[PDB]
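Accompanying notes for the structure given below.
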Amino acid sequence: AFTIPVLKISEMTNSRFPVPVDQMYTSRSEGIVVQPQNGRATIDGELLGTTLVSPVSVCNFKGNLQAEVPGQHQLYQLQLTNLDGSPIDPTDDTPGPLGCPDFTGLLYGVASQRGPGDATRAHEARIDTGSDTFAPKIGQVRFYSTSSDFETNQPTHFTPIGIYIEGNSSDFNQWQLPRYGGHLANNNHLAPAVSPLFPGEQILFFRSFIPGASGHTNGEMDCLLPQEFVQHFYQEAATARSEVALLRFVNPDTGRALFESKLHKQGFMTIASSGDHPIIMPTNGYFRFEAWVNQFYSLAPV
Amino acid sequence: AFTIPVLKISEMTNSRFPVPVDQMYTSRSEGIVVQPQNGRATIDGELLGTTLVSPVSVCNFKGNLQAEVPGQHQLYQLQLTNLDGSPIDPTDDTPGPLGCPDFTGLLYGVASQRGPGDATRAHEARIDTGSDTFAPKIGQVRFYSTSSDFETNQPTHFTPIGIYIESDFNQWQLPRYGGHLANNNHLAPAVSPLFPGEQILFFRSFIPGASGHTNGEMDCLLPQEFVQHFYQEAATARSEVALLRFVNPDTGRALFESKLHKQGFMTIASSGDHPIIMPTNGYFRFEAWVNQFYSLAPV
Ligand SMILES: CC(=O)N[C@@H]1[C@@H](O[C@@H]2O[C@@H](C)[C@@H](O)[C@@H](O)[C@@H]2O)[C@H](O[C@@H]2O[C@H](CO)[C@H](O)[C@H](O[C@]3(C(=O)O)C[C@H](O)[C@@H](NC(C)=O)[C@H]([C@H](O)[C@H](O)CO)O3)[C@H]2O)[C@@H](CO)O[C@@H]1O
Ligand SMILES: CC(=O)N[C@@H]1[C@@H](O[C@@H]2O[C@@H](C)[C@@H](O)[C@@H](O)[C@@H]2O)[C@H](O[C@@H]2O[C@H](CO)[C@H](O)[C@H](O[C@]3(C(=O)O)C[C@H](O)[C@@H](NC(C)=O)[C@H]([C@H](O)[C@H](O)CO)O3)[C@H]2O)[C@@H](CO)O[C@@H]1O
């Protein structure tokens with residue numbers, strides 16, 4: 001049988017950045033192609049894009065510190081491995097390595113090392129996922145740091161923390177996919193763009209405000225499914241008995257329900273709403289699976 | 001009916017620090033009391049200690065940046081809220097706020113702020129969970145930063161990253177949640193193997209080190225995924241022990257057995273301090289309800 005976990009919004013994890021979900025949010029997404037590559041799974045358990053199941057891995061990188069780049073101080077070259085330690089394989093049926101950021105911007109975090117022996121060191125670092133040299137698909141990623149305290153040829157981890165706003169073209173765009181293969185390459189194996197097809201409906205997003213390290217940004221990061229749903233679908237692999245799972249957002253405090261949403265088989269939710277706005281609800285509220293409906297099932301607004 | 005999620009070791013999350021599990025590990029635990037407060041859940045779904053269900057929240061802090069502390073350069077005083085935004089409530093039946101570190105050491109991470117408006121800033125920061133004034137139970141925590149670029153009275157978040165070795169990291173030494181002037185209460189109980197020839201099975205991560213010599217060993221009793229699953233399923237324990245088999249899907253054969261105790265920890269038949277390295281695809285599955293005197297085959 002098909003099920004979804006009982007979770008308060010505040011208990012959900014963002015599938016595109018390793019922080020909790022802050023609020024439900026809906027938008028028209030006017031003139032935007034919504035094509036995130038993280039937090040993509042079908043309801044019958046097939047992972048898509050660069051989606052992995054670990055809730056703490058998205059936007060992390062691992063690899064060897066190859067060298068400091070010639071000519072540019074405290075810019076360091078990583079030769080990536082996959083997050084699981086295995087070599088990068090550009091022939092994988094993915095756009096890039098699992099967990100790789102699916103947005104362009106200055107990703108701010110910490111690069112740490114262990115080695116030689118148990119000697120360790122860690123410092124702030126930034127990775128520009130929009131730069132020409134950003135090519136995780138073939139394991140080539142550079143990070144900038146304000147420290148020169150990094151050892152060559154030692155295992156290096158990048159732990160993401162937030163976004164750094166310089167105030168120019170490299171600015172955080174959550175819907176702009178990076179060129180996973182680098183400047184000269186076209187993306188492939190992409191999870192498809194999503195949009196609402198039924199009149200009156202909009203996609204329901206799970207939004208987090210990720211930390212900012214500099215500049216002005218609300219750090220808005222919208223995922224299609226909380227990571228817990230991704231994990232659950234993967235784990236259960238339940239048969240999708242129709243194209244749409246009807247879900248109901250219920251308030252355990254009153255015992256009564258607030259709205260319904262359509263969970264599409266391909267892994268995204270829609271609601272009957274119009275306009276760009278937060279969907280604020282009683283904090284103990286959660287979704288419950290009600291029935292198998294089709295893509296023409298008609299929802300009351302809100 | 002009672003189940004365990006199908007997960008490779010490499011897909012598991014540490015329940016005491018927000019990073020993947022690296023290996024299974026077992027220990028004699030000579031001379032130590034094993035009493036972690038995070039990653040504590042009964043197999044029927046009751047969360048204990050400071051355990052929360054969010055897999056990205058443990059060792060995080062949130063609160064108002066109240067002030068730079070007088071007489072102490074670039075040491076800042078937080079007034080905590082709970083990680084879900086709710087106010088800290090010291091009357092809660094917990095040792096401290098959910099997700100609070102359950103070890104003593106120099107916790108290294110990044111303090112970040114948003115405010116006024118959408119202006120942001122973030123810098124490296126350190127929280128000494130062993131210091132006298134570390135009193136998360138009542139919302140009192142300080143962080144040190146090398147930066148002075150922090151605003152007072154703006155929402156502040158501490159994102160943990162690793163451990164800084166110079167208060168040396170002791171994963172089994174519980175902090176004083178109420179600070180040096182109060183004693184801990186409402187602790188999840190210590191655990192130990194009671195049956196001869198058994199040891200606890202731990203899920204071990206090597207957390208990042210920011211400085212100094214450290215392997216960053218962090219041992220939890222259950223991966224966060226098991227905590228989440230038990231909480232969700234809330235299935236009834238039909239006995240004091242759930243017998244599990246760690247099976248290799250590649251061969252269809254069992255590699256070893258483990259006793260999953262009702263109160264939320266695992267033991268195996270083994271002797272000594274060592275990793276338990278197994279075929280990558282291996283995973284635990286429920287076999288049967290047994291008692292606490294069930295005799296396990298070694299390894
Ligand atoms: C990490 C770091 O040091 N990076 C700095 C930037 O400072 C960070 O971001 C700030 C927003 C702030 O949170 C700070 O604490 C961080 O360290 C720095 O960004 C400028 O910082 C200053 C200092 O507060 C101002 O916030 C400035 O914003 C404004 C301003 O001066 O009020 C806002 C104003 O709206 C804007 N004008 C217009 C029309 O947009 C002005 C104007 O652009 C500037 O005054 C012209 O210089 O800026 C932040 O832009 C940054 C620039 O100094 O350097 C590093 O990156
Ligand atoms: C962030 C920062 O700058 N912190 C430094 C420490 O350096 C960090 O840790 C280091 C291990 C290394 O990863 C470095 O890149 C980091 O920034 C610093 O720690 C000392 O660093 C030095 C310089 O590399 C040495 O590595 C020293 O290690 C040893 C050594 O000298 O080989 C290891 C040795 O095993 C140990 N002695 C024994 C017997 O255990 C000695 C010993 O501590 C000293 O010789 C004293 O008798 O050190 C690191 O200890 C730290 C101290 O300099 O200052 C900041 O913390």
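No lab work stands behind these numbers, since they all come straight from the coordinates. Please note: Cβ atoms are built from the backbone with ideal geometry, for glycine as well, and neighbour counts cover all protein chains shown.
Rundown of residues vs (1) out of contact with any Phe, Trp or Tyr (no Cβ under 6 Å at 6 or more places or on another chain); (2) closer than 30 Å to B:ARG285 by Cβ, yes/no style:
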| residue | (1), (2) |
| --- | --- |
| A:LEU190 | yes, no |
| A:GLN202 | yes, no |
| A:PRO211 | yes, no |
| A:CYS223 | no, no |
| A:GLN227 | yes, yes |
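A:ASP89 falls short on exactly one of the conditions (1) more than 14 Å from chain B (Cβ to nearest Cβ); (2) crowded, with 20+ Cβ neighbours inside 10 Å, and that condition is (2).
Of the strands (runs of 3 or more DSSP E) lying entirely inside the range B:231-270, not one is found with 3 or more residues being in contact with a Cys (Cβ under 8 Å, 6 or more places away or on another chain) and of a type in the set (S, T, N, Q).
For (1) within 16 Å of ligand 1 (Cβ to nearest atom); (2) more than 14 Å from the chain's Cα centre (by Cα); (3) crowded, with 21+ Cβ neighbours inside 10 Å; (4) of a type in the set (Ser, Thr, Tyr), each residue gets a yes or a no:
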residue	(1), (2), (3), (4)
B:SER147	yes, yes, no, yes
B:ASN153	yes, yes, no, no
B:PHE158	no, yes, yes, no
B:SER167	no, yes, no, yes
B:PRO175	no, no, yes, no
B:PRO189	no, yes, no, no
B:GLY212	no, yes, no, no
B:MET218	no, no, yes, no
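Is there a residue being facing chain A (nearest Cβ under 10 Å), within 16 Å of ligand 1 (Cβ to nearest atom), on the phi > 0 side of the Ramachandran plot and exposed (fewer than 14 other Cβ atoms within 10 Å of the Cβ) anywhere in the range B:111-124? Within the range B:111-124, one or more residues are facing chain A (nearest Cβ under 10 Å), within 16 Å of ligand 1 (Cβ to nearest atom), on the phi > 0 side of the Ramachandran plot and exposed (fewer than 14 other Cβ atoms within 10 Å of the Cβ). Set side by side, the residues B:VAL19, B:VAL53, B:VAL6 differ, and just one is more than 22 Å from A:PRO18 (Cβ to Cβ) and within 14 Å of chain A (Cβ to nearest Cβ), which is B:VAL6. Put simply, of B:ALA242, B:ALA190, B:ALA234, B:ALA210 the only residue that is within 10 Å of another protein chain (Cβ to nearest Cβ), closer than 25 Å to B:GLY45 by Cβ and among the small types (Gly, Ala, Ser) is B:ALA234.
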